Structure formats: structure tokens, C-alpha cells
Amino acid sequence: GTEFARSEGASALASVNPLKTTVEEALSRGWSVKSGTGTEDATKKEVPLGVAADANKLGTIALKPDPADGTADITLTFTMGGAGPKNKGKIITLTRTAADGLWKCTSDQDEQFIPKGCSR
């Protein structure tokens, strides 16, 4: 009824959207990306995303595959387990397709709370 449903969606997207850059910069070096926080590992040539899975209390951030080397499709998901009733259990998915390097955003939210630039 009084849930902040549109702001929840915007907050979730804002937690994962910046990670596109992180991913591209790693792949441009020929390094892999791995989930979580920490330091670059020059032995395995892995760069962490730099963000904790629970950085945003609306939900959880995940990367697949983990680690990711750019030779397969990458997905970054925000799973809204901490959200109010309209958005609880919904998932925003950013996918980078390996064949062309393009990103897309899809959500299974109700259409009216899907953030700008994302589709069903």
C-alpha cells in the first residue's frame, strides 16, 4: 500500500549498474572477474567486483559464471529478498553477451516498477 516500490527498483539497479564498468575494464586487460571484495590476484589474474553481496539491504548481488573470463555470457543479478511485498522475490538481471559484448537489462518485476532501460 505504502511500500516504496519504484524507489526499491531504482536502488537495486543502482547497485549493479556501475559493475558493468568494473567488468569491462577487467576483461580489457585479459583478466577475469570474480565475485566479492578483496585485492586483485596477479597470480590467477582475477579482479574482484569490489562490492559485498549484501551491500544493499534490499537484496543480494551475484555473478555468473564466477570467475568470468569474457569467453561466455556474464550475468549480474540483484535478487530482491529484502524488499517490500510488491518486489520481494523479484530479480533484476544484467546480461553481457560474449558474442558481441552488449549488455541488456531484464526484470521480472510488475511492469510499472521496472527501471528505465530494462525490459521484461
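Throughout, we count residues from 1 along the sequence that is shown.
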| query | finding |
| --- | --- |
| Higher-B stretch (mean Cα B-factor, as the entry records it), 55-63 or 35-43 | 35-43 |
| Selected stretch [higher average CA B-factor]: 44-52 or 73-81 | 44-52 |
| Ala12 - which third its CA temperature factor falls in, relative to the rest of the chain | middle |
| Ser107, C-alpha B-factor rank within chain (lowest, middle or highest third) | middle |
